[PDB]
Structures are given as structure tokens and as C-alpha cells.
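Letter by letter, the chains look like this.
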Amino acid sequence: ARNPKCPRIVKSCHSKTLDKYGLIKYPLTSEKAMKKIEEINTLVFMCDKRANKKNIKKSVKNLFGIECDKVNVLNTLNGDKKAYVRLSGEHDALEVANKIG
Amino acid sequence: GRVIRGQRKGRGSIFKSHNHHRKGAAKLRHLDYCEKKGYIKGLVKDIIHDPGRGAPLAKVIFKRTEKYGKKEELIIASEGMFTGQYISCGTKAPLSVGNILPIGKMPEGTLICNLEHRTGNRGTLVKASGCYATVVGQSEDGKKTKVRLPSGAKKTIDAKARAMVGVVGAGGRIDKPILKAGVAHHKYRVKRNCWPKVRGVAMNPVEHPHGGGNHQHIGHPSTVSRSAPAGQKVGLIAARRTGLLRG
Amino acid sequence: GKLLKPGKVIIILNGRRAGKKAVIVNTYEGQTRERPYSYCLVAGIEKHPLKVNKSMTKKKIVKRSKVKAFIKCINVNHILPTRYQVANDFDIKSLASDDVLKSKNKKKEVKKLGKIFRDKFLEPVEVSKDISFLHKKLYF
Amino acid sequence: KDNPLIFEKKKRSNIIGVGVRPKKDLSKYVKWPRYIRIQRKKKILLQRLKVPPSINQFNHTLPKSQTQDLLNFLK
Amino acid sequence: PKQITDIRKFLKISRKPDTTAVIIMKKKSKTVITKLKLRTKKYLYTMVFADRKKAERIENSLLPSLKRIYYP
RNA sequence: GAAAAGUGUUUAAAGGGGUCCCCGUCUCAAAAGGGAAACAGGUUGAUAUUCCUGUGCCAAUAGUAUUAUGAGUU
RNA sequence: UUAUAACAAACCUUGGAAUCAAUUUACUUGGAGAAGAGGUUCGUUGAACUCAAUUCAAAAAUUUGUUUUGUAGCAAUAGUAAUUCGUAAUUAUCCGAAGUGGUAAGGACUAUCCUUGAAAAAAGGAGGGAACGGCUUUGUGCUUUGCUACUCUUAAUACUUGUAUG
RNA sequence: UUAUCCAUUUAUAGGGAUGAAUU
Ligand SMILES: [Mg+2]
Ligand SMILES: [Mg+2]
Ligand SMILES: [Mg+2]
Ligand SMILES: [Mg+2]
Ligand SMILES: [Mg+2]
Ligand SMILES: [Mg+2]
Ligand SMILES: [Mg+2]
Ligand SMILES: [Mg+2]
Ligand SMILES: [Mg+2]
Ligand SMILES: [Mg+2]
Ligand SMILES: [Mg+2]
């Protein structure tokens, strides 16, 4: 069991680890994403390469009035994660789209 | 010149044994208090092929005297052993085919196999299919025993040294001709890559003492000294005589 | 003679009671449309008294030596009869009743049998070899 | 209690090479670490060899009581 | 997907509160056959009735908080 | 072995399982060997056993307390 | 565990086999128990079979007869081919026999080998009999005293514990 | 024999007279 008289390294700086702002970067337009928004209430977000599904969900919860049933993700060949977020039935992605912009 | 085929073998690369399918090493029991002072009986639970060998194995199960559990040995099967036979091992064992006894306790003439040359060696001599040794005498001093190995050689061993009464299974396997090259192929395919043997005399000089010539002939005496080096030791090594054996 | 006389102890060889030792109570040997085989009717022990030390306390010993019994009609070809006979140490007619094999409260009967067995084990007598044999679980 | 058959054990067990044996201490057989084993062996070696007189004279070490008395005096 | 044959069992299932939806289907037989499906959290239980009136009666019987889906 | 490297239990005080005993080198090596579980239909300009509708399946699911579900024992 | 059916095996009971018998394309098998008679199981398969339901009528403490359904559920709501009607909706169809033996898989076997044809994670089963109710009170986890809902078991629900589903 | 060397095993009882076997 450790009992160091002082800790070795103490990062006093504000955390570098990615917050909501930084994790999730921006929604996608593109005809595909628009279609998704219209038809099956799935919002498409470009996110950081090092976002997990859990993390993305958390971000979405924090950044917007969104509850997400399921999140699929993929790594784009442009070095971004694209997260397809299916909203719970209580919410209309269209309305939330409008709210965001 | 080049490195001869023989020399290549020692580096063991492709010339290692084909060890993969083998069932394990064939060994007698560890030399416990039981086997030294009395007898232990085990069941031959199954008799099995061990690939690269010519002699079938017997998986014999013993009960461990110092912890509750069954443990398996791999014995070489003497002819006449069978599944569900009891095999007994120890100083005070009875003299039956299959059983494992110190050579001191077998009268002359008895036929044995899996013989330890030193006590505890887990059995080392007379293992090949068909082979057996003979107890030829025990000295009035006790202690040592005289045995005659399949070669013909007579050797003196400790009487405490263990052995297995009977002859090794799969006898006469050499009686049947291999006939086909392929059957030899299959034989060595399970042992190690020693087959085809190209003749030194069919090689070039870089490759072999015998290599080259406009004729295919060895060209120099093919009896080589004991005290030759690696690439010289090639024909009849250290040959005391040569030619059709008359004796 | 007639190997299986009422009271003889047998080893069941077949079924759920596979290696259990038991007392035959009434042999029939009459083949019928119902049971086309000579059958024996047997009262036996499923779960023997566990091993017990002098050191142990009396209640705990009693608990340990509970003996869980069973009553089963069985083909005589499935039972290995023994030399051991317990016509004496039990009133044998009292163990199993033919009629009660059919009856609803069979479990009650079984319980009673078990209790009787336990009692017998507690008071051995002088000490019969048969009873000793019955006591010991068969190890196979 | 005192019943013949409730407490009857089949304890007549031990014949050679049949059934697990009873038990022994095993101290004689335990492997021990390399160091400590060497010390043990070293001691034995020392005992065993012909020890030169001077060295030997370093292990005739008084009688115990007398030594204790001496120590007390020194105190 | 499971089939049910004991009407009583079906009723019991219906009574149980994880049964959110009923699906009631009408099928021209080779008369009007009726398939009663209950959508439980675990399984989709279905009962087939040859007899329309009986089917109707059982539908009526079904708790009025069920989320009834009339397919065709 | 000057090291670089070469060998891998050869003379080790080499992490797990139970309530001190009992096991026991580590690690990588298979996108054709071993192996928890998925199907159908629909949908896009470009993806689909991966999205949609439907229908399942597998593995988890900490404690404490209620509920119900059935067993067993009195 | 798809329910059942049918089938190659394996086993059980009964039965007691030479005038040998059963039996395969092949040989295999039998007093260490064959044939015959009745069963059990695994495996194929995955709705076969009256399979399930219902129709009513008769017999016991529930089984037989007749009929109508169900593409067994999934499942027709989906597909396909049609037919219209509108500027997406309706309808009608989807079902009775069988052969060939190309491919795959399984089965039971038989044969060859101086060739006998990986391992482990993981899982399971067995053997064994360690340990053993709960609550309340007293004394130093253990013992004594008194009362009867208990020990499991899934599922849901609630609440603290880092946010207890992928 | 104690150096050294080899073997054997879990370093498992000091020397002699086709079931089970563990708390
Ligand atoms: Mg992915
Ligand atoms: Mg040759
Ligand atoms: Mg040649
Ligand atoms: Mg040439
Ligand atoms: Mg040369
Ligand atoms: Mg030439
Ligand atoms: Mg020539
Ligand atoms: Mg790996
Ligand atoms: Mg694979
Ligand atoms: Mg494409
Ligand atoms: Mg249609």
C-alpha cells in the first residue's frame, strides 16, 4: 500500500480530457443526414476520433434536450467519427434540429 | 566446400523430430516408497499407438499413495498385456508378464524390457518393437546383475534397477517388406526428415566427400577414422572390418 | 433354496436406486398383464447415516444419522441378493404394506420407514452383521 | 454415546502401495530456497572436512553457565 | 413467437401488466378467421379462432388499456 | 558472452483456487482450427445479417428491502 | 428445449434360439441372451403425423366417435404475378399429386495403415459428503434459554453505493 | 565421502519380515 509524502506529479491545469464541447463537434447536413432527420428521427453528428458510444450519448444529453435510444458510430476516412443518433420516441428530431439550427 | 547433409542435421531446424502427434514420453513410475519396499498395482486403461514409435503404448493408471487422485503413466506395452489387466510394480511384486521388478528378483533366463540402466532412470533399454533382454546372472555379492541386450552386448546393471517382465509388443514389424517408397514416406513423415537419402556419390564435390568425378565412384577408401572431423565422417565410420559378414 | 425370503437384504442394481441396499419384504414371482415379471417389493435406504465422531454433540449426531428411505417394487433380475438377512431385527410386515404402495400417503409411509430404520441403527441389539452391512453405504 | 456400529471405523487401512497413506512431517524433504540450503550444506561441509587446529579452536566455546556468569560480571 | 390454445391461459397473459399491445387480424379462409396476438415484453403470443363471435367476445373481454392494433 | 547477442528450469524464495492448505513460467502466434447469440422483408446516388419495420436470440444483471412465481420442509 | 410423426442406431423388459436364426448393397450379430412381442434414448429431421384446436355425443375419478378451422406459431400485414381505381388505395391468386439424384449435410457401417489422423480456453456430468433453519434474551465469532413462517427459485420494483445494458 | 559430475521427482514414508480407497 502506497503512502507517498507528496504525490509525484500534480497536473494543476484544467483537464485536457475531452468535454462535451470538443467531444461532439458539429451536426452533419448532407442530403443523407437530412433524409435521416426527416424520416427516422436520427441526428448525425461529426465527433472526435476518440469518442465512445457512451461518451457521445452523454454529450448529446448535456448539449441538447435529447434522449437517445441508440447510437451507431463509424470512423470516417477524414479522421472524424460520425455518430448516428436515434432519438427516443418522445422527441422529434426535426424539432430538435430546428432548435439547434 | 559446402556443409554436408549430416552436419546440417545437428542444427535441428527442419531436422528436428515430428513431435506433434506423439502421446507423450514412455516412462516407468517414479521410484517411490511403494515400489522400493512393496508393490503397487495399476490398471492398463487403454493400449494405444504412439505415432513415431513402432511399439504400442499402455496408459496405466496408478493411485497416488500420498494424495487422493489417480495418475497416469505411459508404459511401453509388453506382448500379452491387455486392457483391464493389473500391472504390479515393486521389489516385492510377483513375476508375471507385464509387471515391473528389480532385476535382482528375477531368476536367470527371464525376459525383460523397459530396463533402467541406472536405478531411477525411468526405464531406458530395450524399448523397440519386438526386443527383449535376458537376465543372465546375479552375482553372489548380490548388488549387480548381468543382462544381455538385443544387440548381443552383455552389460552389468544394479539389481535394484527396474525392468518389465516380458517382450515388447509389435514384434516382427521388420519382417514385412515396406514394398513402396510411399510407405517409407509415411513412416518417416511421422519421425523426422531423414528420408530420401541421396547418395554422396551422386552429389558434387562441394556437397560430399564422395561427390564428383566423370564416373560415380567414391575414389578414396570409404572407411574413415573415429578421429575424423564433421564433414569427413561419412562412409563406414571406424570400420573394424568391411564386406559380407561371415561370422 | 428360494434365495429371496422376506427379510433378506439385497442390493438394487438398476434404476434411480441404483447401488442402494435394501430389505425385501414380499416376493411375488407371478407374472401378470400389469407386471409381466417376477418382482420383489423392497424397502431400502437412499441416504445413509453420515460418519460420526464421539466428540460430537448428541442432537447433531442424531441429525447426522437420519436415514432417508424408499419403498419400491422391483424386478428380481435387478437385485443382487446377499447372505445377510434381517427377518429378526425388524418386524418386517410392519415396514412395507402391499396395499399402502398404492395409497396416497406413500411419502408418510416412507418417512415412517426411515424413522424405524434410524431407531434400529440407534439401538443395534448381540450386534448382527446384517444390520452392520445395512448401515454401511456401498462404495462403487 | 456407546453403540458398536454408529462409531465403527474401518481404520485397519495401512498396507504398502494401497490406499492413500496416513501422514508425515516432510521437513526432511522440502526443497528450501537456494540460499539457506547452501548455509545448511556449508555447515555440514565444515563439520565434515578436516578442520585446521586454529579454526577448530574457534568452536570450543566455554561452558554455558560460566559464560553467563562472565557476561553478568561484565555488565 | 408462441401459440396459445387454453383461452384461460391467454386471458391470464393479457391480465399481466407487461402485455402492452394486442394485434387482432381478420383473414379470409379457404368465413372470417381471427388471429389474436398479444405482444408481451418477451414473446408474441397468438390464438387462432375459427369462430368470429367468440373472437369478438374475447376481444371485448380484453383490458381497455391495451394498445389495440387492427392490421388489415 | 568484453558487450552485442545466444540459450529458455539446466542449482528460482517465478500469479491463481478454496478456509493455512492446494494448484502454477509469462506473453504473443489462426479475420480458413477451437468459439455466447440473427433471421426475414423493406430502404440509399453511394451502406446494410450493421439502418427501418417486424420477429427473436446471447451474456451479463452488486447489495439491502418489499412484492409476486412456484418448489421443498412442519 | 419447436410439439409430434417416421427412420438408422444404442439400450431395457419379456422371451429361450440347431432342422441354426435374424440380416446388409456389403458383413454383421446371437446362451456375454438371438428372433418374436412390447418399451426407453440419442441423432437425423423441423408441421411429417389427425399435429393441435374446436363440434357435439358416450365411458372413468378423463378416453372414444363425427365436423369445422389453422399455409402450427412466425404468416400475410411480407413477397411474387395479376387486376383495377385514383393523382396512394382496393380486389382476386398463392395449391393437389409425383419423379430425377446434380450438390450439400447427417447417419449407420465396411476397408486401408511399419500412416492410427492437434491442442487448449470454455462447458458439462459424475464421485465425495464440508457446511446448515430464522427471530428474541443472556455470558465470553462461540455457548445456553424461548417462539414458529422458513431455505431456495426466477421475474418485477424500490432505495443508497461513482452515472448498474451491450 | 565433502569438492565435482549425472539422473530422478511435487525433491513425498530412515533400515529389515477394467469397483472403491480423500476431510
Ligand atoms: Mg462499428
Ligand atoms: Mg537405402
Ligand atoms: Mg539413395
Ligand atoms: Mg551431378
Ligand atoms: Mg570436399
Ligand atoms: Mg557424371
Ligand atoms: Mg554407377
Ligand atoms: Mg492470442
Ligand atoms: Mg475460426
Ligand atoms: Mg455496392
Ligand atoms: Mg400480400
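Its PDB header names cryo-EM as the technique used to obtain the model and reports a resolution of 3.2 Å.

Across its full length, chain B carries three helices and 12 strands. In terms of its C-alpha atoms, chain B occupies a principal-axis envelope of roughly 70 × 45 × 35 Å. The long-range fraction of contacts in chain B, counting pairs at least 24 apart against all pairs at least 6 apart in sequence, stands at 55%. When the 48 positive and 15 negative side-chain charges of chain B are each reduced to one mean point, those points stand 8 Å apart.

The subject of this paragraph is the interface of chain D and chain B. Contacts between the two partners involve seven residues from chain D, matched on the other side by 11 residues from chain B. Taken over both partners, the interface formed by chain D and chain B buries close to 640 Å², and the fraction arising from carbon and sulfur atoms is 70%. Counting the contacts that link chain D with chain B gives zero salt bridges. At the junction of chain D with chain B, the criterion picks out one residue pair in polar contact. A breakdown of the residues in the side of chain D that touches chain B according to their chemical character gives four nonpolar, two polar and one charged.

With that out of the way, let us pick up helix α4 (residues 93–100) of chain A. Residue and element names in this part refer to chain A. Listed as buried for α4 are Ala93, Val96 and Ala97. Across the axial projection of α4, the buried residues extend over an arc of 105°, all falling on one side. In α4, those exposed residues whose orientation departs by more than 90 degrees from the buried face are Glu95, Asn98 and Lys99.

In this section: the interface of chain D and chain C. The interface is formed by seven residues belonging to chain D together with 10 residues belonging to chain C. Of the roughly 960 Å² buried where chain D meets chain C, counting both sides, 65% is carbon and sulfur surface. Its largest share of buried area at the contact with chain C, chain D owes to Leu5, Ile6 and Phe7 of chain D, together 61% of the area lost on that side. At the boundary of chain D and chain C, one finds two residue pairs in polar contact. In terms of residue class, the side of chain D that touches chain C is made up of four nonpolar, one polar and two charged.

The next thing to look at is the side chain of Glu109 of chain C. Residue and element names in this part refer to chain C. Position of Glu109 relative to the elements: it lies in helix α4 (residues 106–122). In this structure, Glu109 is buried with no salt-bridge partner, the nearest side chain bearing the opposite charge being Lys112 at 5.0 Å. Look past the residues within four positions of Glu109 in its chain and what remains in contact with it is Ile71, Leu95, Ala96, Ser97, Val100 and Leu101.

Below, the discussion takes up the protein's contact with RNA strand G. Of all residues adjacent to RNA strand G, which total 42 residues, the nearest are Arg64, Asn75, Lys137 and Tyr139 of chain C together with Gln3 of chain E. Expressed as a percentage, the sugar and phosphate content of the atoms of RNA strand G within 4 Å of the protein is 76%. A distance of 2.7 Å separates a phosphate oxygen of RNA strand G from a polar atom in the side chain of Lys137 of chain C. Between RNA strand G and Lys30 of chain E, the relevant distance is 3.3 Å, taken from a phosphate oxygen to a main-chain nitrogen or oxygen of the residue. Among the elements of the structure, α3 (53–63) of chain A, α3 (181–188) of chain B together with β1 (2–3), β2 (21–28) and β3 (32–39) of chain E are those that each provide at least two residues to the surface near RNA strand G. Here the residues of the surface near RNA strand G sort into 12 nonpolar, 13 polar and 17 charged.

What counts, and where the lines are drawn
- Residues numbered from 1 in each chain as written, not as in the entry; some residues may be left out.
- Chains lettered and ligands numbered in written order.
- Part of a larger assembly, values for the part shown.
- Heavy atoms only, no water.
- Helix = DSSP H or I, 4+ residues; strand = E, 2+ residues; numbered from the N terminus.
- Contact = heavy atoms within 4.5 Å.
- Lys, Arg positive; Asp, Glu negative; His and termini not counted.
- Charge placed at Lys NZ, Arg CZ, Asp CG, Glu CD.
- Buried area = accessible area lost by both parts, 1.4 Å probe.
- Salt bridge = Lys/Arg side-chain N within 4 Å of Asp/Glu carboxyl O.
- Polar contact = N/O pair within 3.5 Å; in protein donor to acceptor, adjacent residues only side chain to side chain.
- Nonpolar A, V, L, I, M, F, W, Y, C, P; charged D, E, K, R; others polar.
- Buried < 20%, exposed > 50% of the residue type's maximum accessible area, 1.4 Å probe, protein only.
- Arc of directions from axis to C-beta.
- Near = heavy atom within 4 Å.

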